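**Student:** work34.cif is the file, holding mmCIF, C-alpha atoms:
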```cif
data_target
#
loop_
_atom_site.label_atom_id
_atom_site.label_comp_id
_atom_site.auth_asym_id
_atom_site.auth_seq_id
_atom_site.Cartn_x
_atom_site.Cartn_y
_atom_site.Cartn_z
CA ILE A 171 -2.53 -2.50 42.12
CA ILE A 172 -4.71 -0.07 40.14
CA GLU A 173 -1.68 1.68 38.65
CA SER A 174 -0.37 -1.77 37.87
CA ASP A 175 -3.81 -2.63 36.51
CA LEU A 176 -3.76 0.66 34.60
CA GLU A 177 -0.38 -0.32 33.29
CA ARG A 178 -1.92 -3.69 32.50
CA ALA A 179 -5.16 -2.17 31.22
CA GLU A 180 -3.04 0.12 29.12
CA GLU A 181 -0.72 -2.75 28.28
CA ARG A 182 -3.79 -4.61 27.18
CA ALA A 183 -4.92 -1.54 25.30
CA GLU A 184 -1.45 -1.58 23.67
CA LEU A 185 -1.32 -5.35 23.33
CA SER A 186 -4.79 -5.71 21.94
CA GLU A 187 -4.24 -2.57 19.83
CA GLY A 188 -0.80 -3.82 18.91
CA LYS A 189 -2.15 -7.19 18.03
CA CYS A 190 -5.17 -5.81 16.29
CA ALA A 191 -2.73 -3.66 14.28
CA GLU A 192 -0.66 -6.76 13.61
CA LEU A 193 -3.86 -8.41 12.47
CA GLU A 194 -4.63 -5.39 10.32
CA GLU A 195 -1.29 -6.03 8.68
CA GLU A 196 -1.86 -9.80 8.56
CA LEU A 197 -5.36 -9.11 7.27
CA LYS A 198 -4.17 -6.72 4.64
CA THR A 199 -1.51 -9.26 3.77
CA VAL A 200 -3.96 -12.10 3.39
CA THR A 201 -6.47 -9.74 1.77
CA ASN A 202 -3.84 -8.72 -0.70
CA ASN A 203 -2.81 -12.33 -1.14
CA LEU A 204 -6.46 -13.19 -1.51
CA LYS A 205 -6.86 -10.42 -4.05
CA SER A 206 -3.77 -11.74 -5.80
CA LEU A 207 -5.06 -15.32 -5.73
CA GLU A 208 -8.52 -14.12 -6.63
CA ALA A 209 -7.09 -12.07 -9.43
CA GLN A 210 -5.03 -15.10 -10.36
CA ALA A 211 -7.93 -17.46 -10.06
CA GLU A 212 -9.97 -14.91 -11.98
CA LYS A 213 -7.32 -14.57 -14.62
CA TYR A 214 -7.45 -18.31 -14.83
CA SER A 215 -11.25 -18.30 -14.82
CA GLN A 216 -10.98 -15.79 -17.62
CA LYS A 217 -8.55 -18.08 -19.40
CA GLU A 218 -10.89 -20.95 -18.68
CA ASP A 219 -13.59 -18.84 -20.25
CA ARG A 220 -11.36 -17.96 -23.17
CA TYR A 221 -10.70 -21.58 -23.60
CA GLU A 222 -14.33 -22.41 -23.03
CA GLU A 223 -15.20 -19.97 -25.74
CA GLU A 224 -12.46 -21.57 -27.86
CA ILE A 225 -13.57 -25.04 -26.72
CA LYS A 226 -17.00 -24.19 -27.91
CA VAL A 227 -15.49 -22.80 -31.05
CA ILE B 171 -8.45 8.52 38.36
CA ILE B 172 -6.05 5.74 37.54
CA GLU B 173 -8.99 3.36 37.80
CA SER B 174 -11.01 5.62 35.54
CA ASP B 175 -8.10 5.58 33.11
CA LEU B 176 -7.89 1.84 33.79
CA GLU B 177 -11.52 1.42 32.92
CA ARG B 178 -10.95 3.41 29.78
CA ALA B 179 -7.68 1.63 29.10
CA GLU B 180 -9.40 -1.64 29.80
CA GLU B 181 -12.20 -0.38 27.61
CA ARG B 182 -9.57 0.27 25.00
CA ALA B 183 -8.26 -3.19 25.59
CA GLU B 184 -11.80 -4.45 25.06
CA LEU B 185 -12.42 -2.24 22.04
CA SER B 186 -9.03 -3.09 20.65
CA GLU B 187 -9.56 -6.71 21.58
CA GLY B 188 -12.91 -6.36 19.94
CA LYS B 189 -11.13 -5.10 16.84
CA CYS B 190 -8.44 -7.71 17.36
CA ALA B 191 -11.04 -10.45 17.38
CA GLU B 192 -12.90 -8.86 14.49
CA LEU B 193 -9.75 -8.64 12.48
CA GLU B 194 -8.87 -12.13 13.55
CA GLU B 195 -12.25 -13.30 12.31
CA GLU B 196 -11.72 -11.30 9.14
CA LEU B 197 -8.18 -12.57 9.00
CA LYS B 198 -9.38 -16.08 9.24
CA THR B 199 -12.22 -15.46 6.85
CA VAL B 200 -9.89 -13.88 4.36
CA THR B 201 -7.14 -16.40 5.07
CA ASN B 202 -9.68 -19.16 4.66
CA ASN B 203 -10.70 -17.50 1.47
CA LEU B 204 -7.01 -17.17 0.66
CA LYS B 205 -6.62 -20.86 1.16
CA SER B 206 -9.72 -21.71 -0.81
CA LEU B 207 -8.39 -19.31 -3.41
CA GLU B 208 -4.96 -20.80 -3.29
CA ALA B 209 -6.72 -24.05 -3.95
CA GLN B 210 -8.76 -22.36 -6.64
CA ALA B 211 -5.93 -20.46 -8.14
CA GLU B 212 -4.12 -23.76 -8.43
CA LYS B 213 -7.17 -25.72 -9.49
CA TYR B 214 -7.82 -22.91 -11.90
CA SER B 215 -4.25 -23.00 -13.17
CA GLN B 216 -4.84 -26.70 -13.60
CA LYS B 217 -8.11 -25.90 -15.33
CA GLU B 218 -6.14 -23.33 -17.33
CA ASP B 219 -4.21 -26.42 -18.46
CA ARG B 220 -7.22 -28.83 -18.66
CA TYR B 221 -9.02 -26.30 -20.81
CA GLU B 222 -5.87 -25.50 -22.74
CA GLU B 223 -5.59 -29.25 -23.21
CA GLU B 224 -9.18 -29.44 -24.30
CA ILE B 225 -8.23 -26.77 -26.84
CA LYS B 226 -5.13 -28.64 -27.88
CA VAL B 227 -7.03 -31.89 -28.16
#
```
In structure tokens, how does this file's structure come out?
**Tutor:**
Amino acid sequence: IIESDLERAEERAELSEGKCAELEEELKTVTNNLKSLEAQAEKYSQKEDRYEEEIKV
Amino acid sequence: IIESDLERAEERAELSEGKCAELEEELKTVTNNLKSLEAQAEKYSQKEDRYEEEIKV
């Protein structure tokens, strides 16, 4: 039972590690997509500012 | 011994699950930021156009 629970504890170490690694990849993916969207939103906020500067002009 | 490895493996499952949950929380935070940023990148692209339109007008 204990060996099976070790296999399970280890499986859970692997599953939770596996999944946390999958989340690291999902996290990096959404972080990179966030950075892209943030950079995009920022490029737009910068364009908004360029226009705002030009709007004011 | 197997139990000690189990406890450690379970501990790894808990530590890894800890990380899994942390990454999940970060994933969701970042993903939620991604989504708010998707909304902002688009609202901003729209503002890029509303402002561009204010310039054109």
**Student:** Can you work out the spacing between atom CA of residue B:216 and atom CA of residue A:196 in Å, to one decimal?
**Tutor:** 28.0 Å
**Student:** Could you expand the PyMOL selection byres ((chain B and resi 190) around 10) into the explicit residues it covers here, written as a VMD selection string?
**Tutor:** (chain A and resid 185 to 194) or (chain B and resid 183 to 189 191 to 197)
**Student:** Please find the residues of chain A near chain B - the criterion being any atom within 7 Å, counting all atoms listed in the file - and write them as an MDAnalysis selection string.
**Tutor:** chainID A and resid 172:173 175:176 179:180 182:183 186:187 189:190 193:194 196:197 200:201 203:204 207:208 210:211 214:215 217:218 221:222 224:225
**Student:** Pair the Cα atoms of chain A and chain B in order, fit the first onto the second, and let me know the RMSD in Å.
**Tutor:**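 Result of the CA superposition: 1.7 Å.
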**Student:** Around all listed atoms of stretch 201-216 of chain A, padded 8 Å per side, what centre and edge lengths does the axis-aligned box have in Å to one decimal, as JSON?
**Tutor:**
```
{"center_x": -7.0, "center_y": -13.5, "center_z": -7.9, "size_x": 24.4, "size_y": 25.6, "size_z": 35.4}
```
